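Just one chain follows, in the form deposited in one PDB entry, and it is written as structure tokens.
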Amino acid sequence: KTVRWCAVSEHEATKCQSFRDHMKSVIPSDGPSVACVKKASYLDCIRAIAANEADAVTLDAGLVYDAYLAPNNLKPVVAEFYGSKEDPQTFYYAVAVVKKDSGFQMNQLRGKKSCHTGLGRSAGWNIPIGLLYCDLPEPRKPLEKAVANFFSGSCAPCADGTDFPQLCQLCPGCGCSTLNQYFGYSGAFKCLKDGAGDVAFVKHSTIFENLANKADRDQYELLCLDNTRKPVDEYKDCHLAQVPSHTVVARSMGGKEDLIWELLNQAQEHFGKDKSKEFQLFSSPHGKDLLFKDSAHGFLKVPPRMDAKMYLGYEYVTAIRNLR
């Protein structure tokens, strides 16, 4: 059958079209195929899947939690893994990247400018805001406003700029897709690189995906929880938290989870890491982290009928619930 993949905005749509075309060039007419459904935000994708208008979309773990809530109740079916095929990692590190010598520690973030990957995402929001919660000025609810008040300007993609204007000060409109150049891991990093923000809440691989030369990376550092700074290569001993890997989600009823796995498992063999000169699942000339994360090395099938809370784990679920 055909898996209707939900692509968010034009860059992902282009990659999705290529995914469909290349799969059809190596997969038999009776094999798994992919169709593309374009949406403006992951939120529209979640709704589309619940409404039987699409079948699959890859989501950051914080969003996987949101997708599980009523009335969507989507479930994780295929997880990304990082690191390498030999040593698959079903988690990653949330870090706070800053420029060398900017003069401030984690406990001095008040009044600084922040670059977030997006509202509700693991490394860019849930983890850092959860750690800074008590530092935020009262009233702490709504959370978005308290965060806007704490920093002196930010970019929080997907936030409502009408109600929380300061959250889009660094990226007018707070676009929830790659149409917003400061959206996502690499978008938040660019926000820091360009000088718009003072800190970028991203993952441990982010700076390495954007600066190939160590000499350039040496101009950046990481904020550690003990209020000290360390080189970007020392993230294992200077991170905010470890979080679950991104996962493809689907409906619980008539969700096609078996076909989604068949599609992706065959796809990673044909177009996975370093497999093809024609197409790549984990990179693209059209942008970074389109459909799947560039840092992913493959996919693993989620255990039978597992729901979001169980997949995420008690530690991360507690982190989200405590923040809220």
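We number the residues from 1 along the sequence you see.
Relative to one another, 35-43 and 292-300 have unequal mean CA B-factors, and 35-43 is the one with the higher figure. Stretches 128-136 and 213-221 differ in mean C-alpha B factor, with the higher average recorded for 213-221. Between the residues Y185, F150, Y82, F164, the entry's highest C-alpha temperature factor is the one at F164. Which of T206, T228, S245, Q181 has the largest Cα B-factor in the deposited entry comes down to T228. The deposited CA B-factor of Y68 belongs to the highest third of values across its chain. When the modelled residues of the chain are ordered by C-alpha B-factor, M23 sits in the highest third. In the PDB entry, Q169 places in the middle third of its chain by CA B-factor. Per the deposited record, the Cα B-factor of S114 falls in the lowest third when ranked against the other modelled residues of its chain. Remark: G272 belongs to the highest third of its chain, ranked by C-alpha B-factor as recorded.
Omitted from view is the form deposited in another entry, to which the following refers.
Hinge residue for the rigid-body motion between the shown form and the other one, chosen from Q280, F189, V243, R121: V243.
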